[PDB]
Amino acid sequence: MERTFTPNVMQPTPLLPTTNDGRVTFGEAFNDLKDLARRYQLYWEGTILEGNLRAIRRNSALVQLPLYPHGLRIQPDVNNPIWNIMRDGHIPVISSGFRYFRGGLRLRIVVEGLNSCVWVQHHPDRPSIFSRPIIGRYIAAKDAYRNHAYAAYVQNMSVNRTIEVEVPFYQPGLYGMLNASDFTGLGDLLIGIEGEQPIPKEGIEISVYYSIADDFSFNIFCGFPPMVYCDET
Amino acid sequence: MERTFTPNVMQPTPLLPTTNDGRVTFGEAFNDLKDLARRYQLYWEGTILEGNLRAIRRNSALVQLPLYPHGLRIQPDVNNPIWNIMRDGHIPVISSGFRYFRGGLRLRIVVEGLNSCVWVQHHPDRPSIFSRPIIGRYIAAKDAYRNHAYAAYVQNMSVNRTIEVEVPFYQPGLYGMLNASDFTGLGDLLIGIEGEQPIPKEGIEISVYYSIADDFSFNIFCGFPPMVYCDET
Amino acid sequence: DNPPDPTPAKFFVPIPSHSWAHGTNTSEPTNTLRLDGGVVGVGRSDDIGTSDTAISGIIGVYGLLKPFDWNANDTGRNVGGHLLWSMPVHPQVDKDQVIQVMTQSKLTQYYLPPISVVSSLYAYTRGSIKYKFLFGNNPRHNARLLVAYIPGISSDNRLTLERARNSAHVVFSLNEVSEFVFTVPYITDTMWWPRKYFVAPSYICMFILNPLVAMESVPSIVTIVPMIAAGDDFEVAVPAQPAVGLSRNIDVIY
Amino acid sequence: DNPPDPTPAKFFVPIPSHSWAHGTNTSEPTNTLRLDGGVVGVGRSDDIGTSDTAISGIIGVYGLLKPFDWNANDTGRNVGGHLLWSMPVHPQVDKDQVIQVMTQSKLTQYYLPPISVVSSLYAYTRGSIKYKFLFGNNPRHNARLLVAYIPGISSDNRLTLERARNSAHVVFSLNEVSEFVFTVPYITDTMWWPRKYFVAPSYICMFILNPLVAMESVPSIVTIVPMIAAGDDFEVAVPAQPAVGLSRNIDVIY
């Protein structure tokens with residue numbers, strides 16, 4: 001096989017004795033990228049103001065966020081300097097090397113400001129038109145309010161501030177496509193308020209973090225794209 | 001039997017191989033409407049103001065809500081655009097195909113605003129005159145305050161905001177009637193405050209969600225009524 | 001004795017309620033309103049059957065579609081090759097072949113077959129469909145029809161009889177036969193096909209092969225009633241926003 | 001009966017969520033959005049392999065480094081001892097021997113071999129590296145090269161051929177041989193060596209031993225393509241801030 005082929009090997013010394021992937025000196029074995037990809041990382045972080053929401057703005061969406069196992073497309077503005085100096089996370093970088101996937105994501109949505117009953121809902125097949133989220137008044141007529149019978153979840157920001165949910169993989173096809181260009185992905189995730197708590201005069205600060213589920217798998221290893229060093233920022 | 005009767009079948013190909021109702025490709029089997037009908041959906045969502053409540057308004061009803069396994073009658077006003085563009089839920093649609101039922105509902109009452117000790121109570125036989133709820137001052141003399149010895153429940157909106165209760169099926173008859181016209185149904189559900197916390201100058205926003213219990217069953221399948229497509233709104 | 005219990009305090013993550021999505025294969029902590037406490041349910045007998053909601057039994061029942069006519073005395077439309085009727089094949093029947101009741105300023109009410117209501121409750125669906133055609137005629141009429149199933153076609157633009165005979169089809173002769181079922185295959189590049197209310201995966205069409213005959217003693221019009229039910233292998237997939245609401249209240253705010 | 005349950009109330013310490021760091025060897029309480037409730041996963045078969053992410057398989061693949069020329073007709077640089085190519089040895093290849101694509105005001109895009117992407121995801125790393133050199137030539141060229149591995153050197157300041165022959169090295173003769181792999185040892189006072197993007201633990205260099213020959217009938221330039229993959233014993237250590245981002249969006253705010 002041409003990728004791993006090694007002709008005429010000239011090796012001066014023996015090979016180095018093994019630590020069982022670090023289990024000898026540390027306690028754990030770092031043998032796999034799928035375990036590194038299950039440590040949570042930031043996904044999208046935004047603010048939402050009154051007045052760029054709906055007119056009536058009782059139980060409505062605040063964000064429809066597209067679920068991609070690679071990241072959303074990043075733009076490194078001056079508001080969140082994360083996306084600027086840290087570039088992408090470890091998950092978009094691991095993901096850019098594989099072609100397909102099959103499996104779900106885990107999310108952690110931390111929506112505060114607001115401190116009322118907030119809700120989340122997964123539309124497994126309404127994909128996949130764009131690489132940004134859509135805020136408030138710009139989400140389309142039929143993604144505006146909650147729907148009936150889509151898998152959803154509800155939480156009082158008074159009891160607890162963090163919603164942690166796991167999105168299933170519901171698709172007709174064999175794979176979902178990593179590195180899509182722009183029914184390929186995991187569909188949409190809608191986040192929204194449950195009935196018109198008055199909004200603080202600055203912001204509802206939402207931030208989504210994500211990871212890989214347990215049954216998730218990266219599937220066909222082609223190359224990595226060209227990278228950019230973070231220390232050059 | 002004339003409903004399923006198939007005379008002179010001409011079939012060009014073999015039948016398609018089975019996925020065990022989706023269990024091959026997804027993880028779960030969607031073989032039954034009774035399982036879809038146990039995912040919660042919205043039931044009634046309203047607001048209640050001071051001044052359309054009682055005169056003395058210490059521990060009183062705020063709503064007497066009639067328990068129907070089909071929905072309440074919907075009216076699609078501009079306040080909650082849910083009932084407008086989403087029409088009914090999956091439960092009123094599943095229910096319109098069956099004639100009877102026998103079993104209870106599960107509810108989730110999220111009453112906030114107010115943040116004081118709120119209470120719920122089931123009147124298994126005081127049915128069933130109307131398809132709307134009745135707010136505040138309009139509930140009748142003997143459904144006004146709490147009663148003694150009806151199954152009831154109490155909760156501080158300070159500790160937790162969500163009351164989840166399960167209503168039993170208490171009737172003399174064999175069945176309860178789905179698709180009633182207007183002792184047929186599950187009786188009444190009364191929701192009320194426990195002693196005159198001052199009410200915020202706008203609203204106590206109550207919303208009830210419901211589902212089917214475990215012992216619940218739809219019973220005689222006749223047709224479905226004529227429907228209306230939601231995408232035409 | 002009052003011995004001390006020093007065992008460390010465990011962590012725990014507070015949440016306001018249980019799962020809103022789960023419908024099966026689990027328990028649900030809840031506060032029941034009973035005098036009893038315990039896992040209790042309402043009694044049953046044979047007077048009250050079991051729940052009838054198993055999907056395959058609901059979707060096995062035929063619903064009815066818009067009927068249509070041959071006019072055997074029509075010299076124009078009664079010929080070799082003229083196509084009578086056709087429609088894309090998917091469980092939700094196309095809005096124009098359903099019986100509708102239209103109101104001014106209200107919503108249009110469609111009569112959907114039981115397969116079309118069930119398929120509106122789910123996001124994907126697959127498997128064969130049965131089309132039972134039901135002819136109003138008597139022993140004196142006669143004809144032959146070719147009913148073909150074209151995979152991967154949206155509309156009839158390029159569709160003629162001479163082409164339709166190149167796909168799966170059935171030739172039926174209505175000579176003292178009043179009903180026949182045509183179980184259309186399911187041929188698609190994917191395993192589940194998404195709902196429609198999109199394009200349908202395939203198409204179905206019905207051509208006159210031998211035109212209709214009849215006499216001076218017999219009615220010249222033959223009415224056909226198409227009816228549709230799910231096959232034996234038909235399956236639905238992921239619960240979604242129902243495409244249809246009830247008509248109990250048809251008022252709508254644009 | 002309603003007996004009282006007087007058992008003492010245990011302590012418990014509230015926290016908003018579960019572990020943000022843990023990725024393996026544990027369960028994760030979570031609210032899944034399924035109709036089902038239970039430990040459930042998406043189906044698989046052979047159509048869909050297992051996950052391919054096991055590190056040793058990803059890092060076994062060669063990535064390519066900047067190629068470079070002998071000019072056999074060059075009388076200056078083609079001599080006994082002239083050193084062709086060299087670089088510090090560590091998994092992240094040095095920024096100047098990678099193929100770069102530079103843009104005005106944007107970030108520079110580097111093509112990193114698969115070992116160099118993996119090694120950017122971890123904080124420490126150790127084990128041997130393979131350097132496969134690939135010569136564009138035909139049976140008529142000939143030369144010998146000495147490729148030495150100098151432990152504990154940063155740059156070539158004090159490096160000559162007469163010194164490089166005192167370390168581990170391999171003498172290779174390109175006489176109808178087009179590829180050879182040089183598995184460099186790993187010699188370091190410590191067990192794990194930290195990432196670079198620091199100094200590299202060692203250095204590698206390649207001297208002409210017998211100069212290149214060729215004729216009037218054959219091209220005089222021989223291009224060499226260096227390629228790098230991890231050895232059999234190579235291992236990574238502690239997940240860290242990735243040294244590299246993706247180039248999907250290369251805009252940067254200074």
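Note: ideal-geometry Cβ built from the backbone for every residue, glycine included; neighbour counts use all protein chains shown. A short reminder: the numbers here are calculations on the coordinates, not readings from a lab.
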### Task
For region D:1-81, state which trypsin sites (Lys or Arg not before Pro) are in a DSSP loop and have at most 13 other beta carbons lying within 10 Å of their beta carbon.
D:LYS10, D:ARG77
### Summary
When B:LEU178, D:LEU159, C:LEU112 are arranged by how many other beta-carbons sit within 10 Å of their Cβ, fewest first, they go D:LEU159, B:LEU178, C:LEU112
### Task
Quickly estimate the mean residue ellipticity at 222 nm for chain A, helices only: each DSSP H run with n ≥ 4 gives -39500 (n - 2.57), and the total goes over all residues, rounded to 500.
-1000 deg cm²/dmol
### Message
Pairs of alpha-carbon atoms within less than 8 angstrom and 6+ residues apart define the contacts here; what relative contact order does region A:1-112 have, in percent?
### Response
19
### Query
How high is the FRET efficiency from C:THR223 to C:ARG165, r the C-beta distance, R0 30 Å, rounded to 0.05?
0.70
### Task
May I ask for the net charge around B:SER158, where only other residues with Cβ less than 13 Å from the Cβ of B:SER158 are counted and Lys, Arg are +1 while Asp, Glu are -1?
-1
### Query
When the distances between all Cα atoms of chain C are binned every 5 Å from zero, what whole-number percent does each bin get?
1, 5, 10, 12, 13, 12, 11, 9, 7, 5, 4, 3, 3, 2, 2, 1, 1, 1, 0, 0, 0, 0
### Message
Could you tell me the calculated FRET efficiency between A:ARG99 and B:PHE130, based on Cβ-Cβ distance and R0 = 60 angstrom, to the nearest 0.05?
### Response
0.50
### Query
Local charge sum around D:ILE250 (other residues, Cβ-Cβ under 14 Å, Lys/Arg +1, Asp/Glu -1)?
+1
### Query
How much net charge surrounds D:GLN241 when only the other residues with a Cβ under 15 Å from the Cβ of D:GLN241 are counted, with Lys and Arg +1 and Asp and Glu -1?
+1
### Query
Of B:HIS70, C:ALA214, C:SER105, which is farthest on the positive side of the dipole of the protein assembly as shown, counting Cα position, with +1 on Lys and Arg Cβ, -1 on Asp and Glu Cβ, and the Cα centre as origin?
C:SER105
### Query
Kirkwood Rh over Cα pairs of region D:2-125 into Stokes-Einstein at 25 °C, 0.890 mPa s: D in µm²/s?
111
### Query
Where along chain C is the Cβ that lies nearest the axis linking it to chain D, and how many Å separate them?
C:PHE12, 4
## Note on the structure
With -39,500 (n - 2.57) per DSSP H segment of 4 or more residues and division by the full residue count of chain D, the 222 nm estimate, nearest 500 deg cm²/dmol, is -1000 deg cm²/dmol
### Query
Which distances, in nm and shortest first, link the A:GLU232 label point to the same label point in every other copy, taking 7 Å along Cα→Cβ?
5.9
### Query
Which of the residue pairs A:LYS142/C:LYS196; C:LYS95/C:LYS196; C:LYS95/C:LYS130; B:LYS34/C:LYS132; A:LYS142/C:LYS95; A:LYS34/D:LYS196 have a Cα-Cα distance greater than 22 Å in the structure shown?
B:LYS34/C:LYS132; A:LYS34/D:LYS196
### Query
Hey, fewest Cβ within 10 Å first, where do C:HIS18, C:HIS82, D:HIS90 land in order?
C:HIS82, C:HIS18, D:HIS90
### Query
Taking the protein assembly as shown as the region of interest, what is the percent of Cα-Cα pairs per 20 angstrom bin, listed from the shortest bin to the one with the maximum distance?
11, 33, 29, 19, 7, 1
### Task
Could you line up C:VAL98, C:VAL13, A:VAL93 from fewest to most neighbouring Cβ atoms inside 10 Å?
C:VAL13, C:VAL98, A:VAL93
### Message
Rounded to whole Å, give me the distance from the Cα center of region B:127-160 to that of region D:103-155.
### Response
77
### Query
Put the label 7 Å from Cα along Cα→Cβ for D:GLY49; what are its distances to the other copies, in nanometres, shortest first?
5.1
### Ascending list, in nanometres, of distances separating the A:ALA180 label from those of the other copies (7 Å, Cα toward Cβ)
4.7
### Message
Taking the Kirkwood radius as the inverse of the mean 1/r across Cα pairs, report the Rg/Rh of region D:71-215.
### Response
1.00
### Task
Determine the equivalent ellipsoid of region D:55-102 by diagonalising the alpha-carbon gyration tensor, then write out the semi-axes as square roots of 5 times the eigenvalues, largest first, rounded to whole Å.
29, 13, 11
### Message
Against the 2.2 N^0.38 Å scaling, with N counting residues, where does chain B land? I'd like the Cα-based Rg ratio to two decimal places.
### Response
1.20
### Query
Just how large is the dipole of the protein assembly as shown about the Cα centre, in debye to the nearest 20, putting +1 at every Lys and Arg Cβ and -1 at every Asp and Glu Cβ?
1120
### Summary
So for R0 = 60 Å, FRET eff. of C:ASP94-A:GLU28 from the Cβ-Cβ r, to 0.05, ends up at 0.55
### chymotrypsin sites (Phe, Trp or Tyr not before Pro) restricted to DSSP loop in region B:1-99 with at most 13 other C-beta within 10 Å
B:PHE5
### Query
In percent, how large is the relative contact order of region D:56-183, given Cα pairs closer than 8 Å and 6 or more residues apart?
27
### Message
Using the crude model of +1 on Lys and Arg Cβ and -1 on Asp and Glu Cβ, and no other charge, please compute the dipole size for chain D relative to its Cα centre, in debye to 20.
### Response
780
